[PDB]
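Cβ placement follows ideal geometry from the backbone for every residue including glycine, while neighbour counts extend to all protein chains displayed. Just so it is clear, none of the values below were taken in a lab; they were calculated from the coordinates.
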Amino acid sequence: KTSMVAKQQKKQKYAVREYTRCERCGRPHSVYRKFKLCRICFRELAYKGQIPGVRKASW
Amino acid sequence: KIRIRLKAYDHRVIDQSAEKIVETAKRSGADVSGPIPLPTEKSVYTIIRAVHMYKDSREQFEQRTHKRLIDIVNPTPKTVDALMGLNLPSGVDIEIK
Amino acid sequence: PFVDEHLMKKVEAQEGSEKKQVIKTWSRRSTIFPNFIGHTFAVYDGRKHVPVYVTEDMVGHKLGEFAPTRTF
Amino acid sequence: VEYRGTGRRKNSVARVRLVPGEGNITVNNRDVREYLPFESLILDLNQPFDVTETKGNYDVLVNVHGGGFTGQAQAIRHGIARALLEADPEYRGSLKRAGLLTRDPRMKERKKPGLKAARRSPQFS
Amino acid sequence: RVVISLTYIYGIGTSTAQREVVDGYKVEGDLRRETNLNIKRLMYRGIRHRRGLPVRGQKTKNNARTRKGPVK
Amino acid sequence: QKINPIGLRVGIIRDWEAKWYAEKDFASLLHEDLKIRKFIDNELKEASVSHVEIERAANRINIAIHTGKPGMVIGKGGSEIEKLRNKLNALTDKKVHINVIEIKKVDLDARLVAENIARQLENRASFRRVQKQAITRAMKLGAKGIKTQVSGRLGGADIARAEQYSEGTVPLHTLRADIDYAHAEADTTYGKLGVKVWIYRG
Amino acid sequence: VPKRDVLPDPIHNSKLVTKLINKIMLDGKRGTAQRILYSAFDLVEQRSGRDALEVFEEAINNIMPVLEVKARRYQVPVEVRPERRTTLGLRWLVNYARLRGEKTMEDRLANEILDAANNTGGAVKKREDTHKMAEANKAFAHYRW
RNA sequence: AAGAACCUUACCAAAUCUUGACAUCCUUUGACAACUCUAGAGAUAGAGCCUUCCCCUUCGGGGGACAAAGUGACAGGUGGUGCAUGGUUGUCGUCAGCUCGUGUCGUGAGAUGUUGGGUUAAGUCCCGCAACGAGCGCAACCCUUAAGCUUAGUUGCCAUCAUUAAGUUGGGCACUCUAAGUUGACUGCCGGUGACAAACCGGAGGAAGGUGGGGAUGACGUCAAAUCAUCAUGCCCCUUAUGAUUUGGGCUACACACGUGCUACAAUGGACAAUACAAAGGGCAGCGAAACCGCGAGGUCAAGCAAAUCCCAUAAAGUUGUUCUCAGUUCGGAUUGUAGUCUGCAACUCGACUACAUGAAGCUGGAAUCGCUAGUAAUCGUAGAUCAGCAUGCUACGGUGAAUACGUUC
């Protein structure tokens, strides 16, 4: 939904409504704001290899 | 002594830079200590694997950042020129001390 | 908490003479200073404006324990 | 005269100094009393000095960190067995028939990512 | 002991300051009268004094049963 | 579910598609890498690029473009790469440098034949003919095994199926097997047909 | 299933006493267990004057049965292999030394041990209860499992 | 949904707008406009003010990039459909199964290979045979742990020493630590049983012995299982609404039935004082050192750190002494009220927490039922993410730490 994406890419009434979106799709929740990426697109670019970062489940 | 904080993600580019910079300081100077490694503590991102349901199966992605510390004791003025001349690892992060 | 009351210009407009009938606020966050007891508010619970009369003793509370919105 | 060894169990690093003496467990060179909460079990770590009854009057010097206190006591038991290994090559079968150079790999197992508390699958209805 | 025989009876509880203690602060049941006068002042969270929702929130959806009954 | 092999083999034997470092800011590099990959996605409609790799060394980017048709990113003699590089300089406000190499054995990588099979299924061909001719023209070059799964509304079908014509070794669990994988969508009039090419080449 | 062992404690020199130490614990508390067993052992030395290896060995044979019933659809008198015998005797000793209702555990396990030498308590009554249930249901089988 | 004061928010009451909140074409204008003030709850209109050619052309241009109109093509939809779908994920199931080429038999559907003997974890092998071989799956080449070594000694370790509140520096890398790599664990050797073949058992070497331990990796397909709510699509429908913005409710309600989790129901304990120990991870508007006044939530000046230095950081349970002396209590910690602290235009619907006081069931849970074979269960803390502030939930690490497995009978 580009309604809230077209809303939140503008300066607002307060500075406390600047909640986190993915900057590729319109997903609001589980957005890793270190990456500014969501739950799903970080998995997709992790599996394609266009983030520099391994998968190791070897802890 | 000056130090560099040789900081990559993988070990495949940190060994070529740690072979390049150390032997550049050996062939242009004297008594440079080796690429002493850090513990390289990593960052684990744990997501659910699914889209809508299913927190019963999850997915790990870790991000390791390897760090070597190289000490040049008594640095020659040819060494501080010749380390900044050739720059070809293309993806390591160098800090100067 | 430090007591704010952001719409203080609506209080001091009708303060010296007899206060007008019912004045409305669309904010339950407006903390009650002890100088507009008797100012009859219409405060918004979401549905419409519910009236409240600030009588004698509600200086320490807000406009949100009054005019409920969960009914029953 | 100073046998510098090592030894571990369960994230507890140990570095012994076998010196000749009467014998006192000096952990962080302090005592045997305040550091270990098992002052009754002070002979669990004395186990290579009672299974090799050649001499049981030997002083240990450590200043070590790591893990807990039971795992640190079996870590300095591994350091006592490593110091008895590096002290004499004929102790080894007297080690190996009692074991005691067996580093147990029994660490705290990893938290499994679908289960709640690492083989604690969270209560099917 | 003396100091833990006074924690459930009214007035003093368990962590105050200490035939001498006969006097001091509000040691009698007048604090019960002040709590009943404060709940008379609110009777406005008297809409949730039949429930168990305070001034500072509860989320009563399935468990507020300590001002309620077992099954009721 | 069947995991993809390019997820499983980055940082094992095959390198990542971005080689830089970022720690402090870190969202101003990856999203500009996403918009520059979306800008090479406009010339993927003619150029057939498999993947680009971002080499951000310190200020300028020696971006390594890998197209199976190498003569149509560069134009006649080098004009199209320069006006493309000026358009990337406009659209990321940073410095870039196009590093092209000319990759033949075009039917051995998954993304070129995945876009080719999705191109043939956009043009209402029958899926079994292009699937069998893709796996036999990939074996007459010499390959070690080609799985090709097209799925969805198969040829304008009412019920979705999963037509996979696996041939030879596609050994996803032996981890020293560099398996190319690509899934390419095909926007047909009867919906969206996903191809899935899984080529093991030793 | 090779059923490996733990070392004996050198305070009371037996291998049964460290199995009692590992049986009386709760929530992984071994120091609480050593606090409540060795003081119960010293209460045994201060009340009935004898070393507690002898009276504990003679008191654990008044809890230990020789028959056991295992029903299947039923009761058989299977003889018990002695590690299972001694761990059920120690488990009955703790599980009736947890349910006496006294001041502390050091005066709860210790007089239950000295009641097991004088053939009373709840533990020797449990041995006559499993002998009563194995003798009243002796008649059904000798052969089932 | 790994973050519900506004936002999220789609839903609902009000204020409104129609090229619209936004993508794009064209014309006009143009280095954009931000910031204060009025109404209002703000969205929105209205004043001061030009930021007003930055790349460059003769004056006028072209146009990186903005704004208004015509509203014209277009928007937009978290609207309906997972039973049109891709992509993605659960369960059977980490169980050992599933198929194909060629040939043979069979009118044929089909079978053989894959079955029978022995075996293991295995369709893992070996024997004989209309089977011969191959492919996905099992077994690892993958990572971590489990023992040294080549190498390199800093912020880390102190042999041996000078020396302090401190390994804090002089010196060194003795040990330890750490990591790019090396050697190793491969039934490898011996004996017995073995068809002499697969293997099983015992012993030795080794740190680890029988896939060394754990994870990833999940076959062909099943449930028309979930998602048109990440995204796009195939159809349908609106586009002065089902599109948009803002304030106030909202997902954060109970007479309830149910699922998961915490707290306990106390003497193994409740409270007070000293004292021990680590891993794993993070930090720049963030981590707040010491010190300070605070009973206390916190607040003040504040070193240091773009990170083995500096911080989160006392990790907690344990041990030593004291009390309570078996109870609805010296347990609890729900509830109510007052004083409050902090984030943030703000704690009323609705955040975390401290003090004081009230102290409600709870004294061990029935029929049933769940999880677990070794560092397991149980218990106890620590850290990350989401987060302007919020956890008994998720994730990851660590301390203490047991027995049971006669068997597989049902």
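Odds and ends about this structure:
- For chain C, convex hull volume per residue from C-alpha positions, Å³: 99
- Debye, to nearest 20: dipole size of chain B, +1 on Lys, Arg Cβ, -1 on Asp, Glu Cβ: 120
- For chain F, built as a Gaussian network whose Cα springs stay under 10 Å, the top-fluctuating residue of F:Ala162, F:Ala184, F:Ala58: F:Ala58
- Rounded to the nearest 10 degrees, the inclination of helix F:27-40 to the longest alpha-carbon principal axis of chain F is 60 degrees.
- Across peptide B:58-68, the mean count of Cβ atoms from other chains lying within 10 Å of each residue's own Cβ comes to 5.
- Order by protection proxy (mean Cβ within 10 Å, highest first), peptides C:32-40, A:33-41: A:33-41, C:32-40
- In chain D, the calculated helix contribution to ellipticity at 222 nm averages -6000 deg cm²/dmol per residue, counting -39,500 (n - 2.57) for every DSSP H run with n ≥ 4.
- For F:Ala186, the residues 5 or more places off, or on other chains, whose built amide H falls under 5 Å of its own are F:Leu193, F:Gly194, F:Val195.
- Here's how it looks for A:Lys56: its modeled amide H is under 5 Å from those of B:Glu62, which are all 5 or more places away or on a different chain.
- The protein assembly as shown: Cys lacking any partner C-beta under 4.7 angstrom: A:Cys25, A:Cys41
- Theoretical ellipticity at 222 nm over chain G - DSSP helices of four or more residues, -39500 (n - 2.57) apiece, nearest 500: -15500 deg cm²/dmol
- On Cα atoms only, tilt of D:70-87 relative to the major axis of chain D in degrees: 40
- About the Cα centre, charge dipole magnitude for the protein assembly as shown (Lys/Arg +1, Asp/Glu -1 at Cβ), debye: 3660
- Under Karplus coefficients 6.51, -1.76 and 1.60, residue-wise ³J(HN,Hα) of segment G:91-105 in Hz, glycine/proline x: 6, 6, 5, 6, 6, 9, 8, 9, 10, 9, x, 10, 6, 10, 5
- For the protein assembly as shown, diffusion coefficient by Stokes-Einstein and Kirkwood Rh (Cα), 4 °C, 1.567 mPa s, µm²/s: 35
- Rounded to the nearest Hz, the phi-derived 3J(HN,Hα) couplings of segment A:14-23 under the Karplus curve 6.51 cos²θ - 1.76 cosθ + 1.60 (θ = phi - 60°) are 10, 10, 10, 9, 7, 8, 9, 10, 5, 8, where x marks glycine and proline.
- Only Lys, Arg, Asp and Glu carry charge here, each on its Cβ (+1 for the first two, -1 for the last two); on that basis chain A has a dipole of about 140 debye about its Cα centre.
- On the beta carbon distance between G:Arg50 and E:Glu20, with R0 = 51 Å, the FRET formula returns roughly 0.40.
- Between segment G:1-73 and segment G:76-131, the C-alpha centres lie 10 angstrom from each other.
- For chain G, the residue among G:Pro2, G:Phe140, G:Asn62 whose Cα projects farthest onto the positive side of the dipole built from Cβ charges is G:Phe140.
- A crude spin-label estimate for the pair F:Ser28 and E:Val71, with each label 7 Å from Cα along the Cβ direction, gives 6.7 nm.
- For chain C, the set of trypsin sites (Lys or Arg not before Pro) satisfying both a DSSP loop assignment and a count of at most 13 other C-beta atoms within 10 Å is given as C:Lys20, C:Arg29, C:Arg47, C:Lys48, C:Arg70.
- Backbone amide hydrogens, once placed in the peptide plane, bring F:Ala18 within less than 5 Å of F:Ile54, excluding anything fewer than 5 places away on its chain.
- Since only F:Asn123, F:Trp20, E:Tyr8 are under comparison, the one whose Cα sits farthest along the positive direction of the charge dipole of the protein assembly as shown, derived from C-beta charges on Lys, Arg, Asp and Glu, is F:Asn123.
- From phi via Karplus (6.51, -1.76, 1.60), per-residue ³J(HN,Hα) for segment F:127-135 in Hz, x at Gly/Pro: 6, 6, 6, 6, 6, 5, 6, 6, 6
- Exercise: per-residue mean of other protein chain Cβ atoms within 10 Å, B:3-12: 2
- Charge context of D:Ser94, other residues only, Cβ under 12 angstrom, K/R +1, D/E -1: -1
- Packing, taken as the mean count of other beta carbons within 10 Å per residue, orders the peptides E:59-67, F:23-31 from highest to lowest as F:23-31, E:59-67.
- Reported value for segment F:105-202: 80 Å³ per residue, from the convex hull of its C-alpha atoms.
- Segment F:1-42 and segment F:50-98: distance between their alpha carbon centers, rounded to Å: 17
- Based on Cα contacts under 8 Å between residues 6+ apart, chain D shows a relative contact order of 33 percent.
- Charge dipole (chain G, unit charges on Cβ, about Cα centre) - positive-most of G:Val44, G:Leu109, G:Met25: G:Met25
- Rounded to 10°, Cα long-axis angle of helix F:110-122 versus longest principal axis of chain F: 60
- The mean sequence distance of close C-alpha pairs (under 8 Å, at least 6 residues apart), as a share of the length of chain B, puts its relative contact order at 48 percent.
- In this calculation the C-beta distance from D:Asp59 to B:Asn74 is compared with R0 = 45 Å, giving a FRET efficiency of 0.55.
- The smallest convex shape that holds all Cα atoms of segment F:15-104, its convex hull, gives 91 Å³ per residue.
- Here the relative contact order of chain F, from alpha carbon pairs under 8 Å that lie six or more residues apart, stands at 19 percent.
- For the residue pairs D:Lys116/F:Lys196; D:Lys112/F:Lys144; F:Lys45/F:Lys147; G:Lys29/G:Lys103, alpha carbon separations beyond 28 Å are given by D:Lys116/F:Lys196; D:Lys112/F:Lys144.
- Legend: calculated FRET efficiency, F:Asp41 to B:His52, from the Cβ-Cβ distance at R0 = 25 Å, rounded to 0.05, equals 0.35.
- Shielding by partners - mean other protein chain Cβ count within 10 Å, residues of B:86-97: 3
- A cut-off under 10 angstrom between Cβ atoms defines the neighbours of B:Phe61, and their net charge, with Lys, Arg +1 and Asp, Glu -1, is +1.
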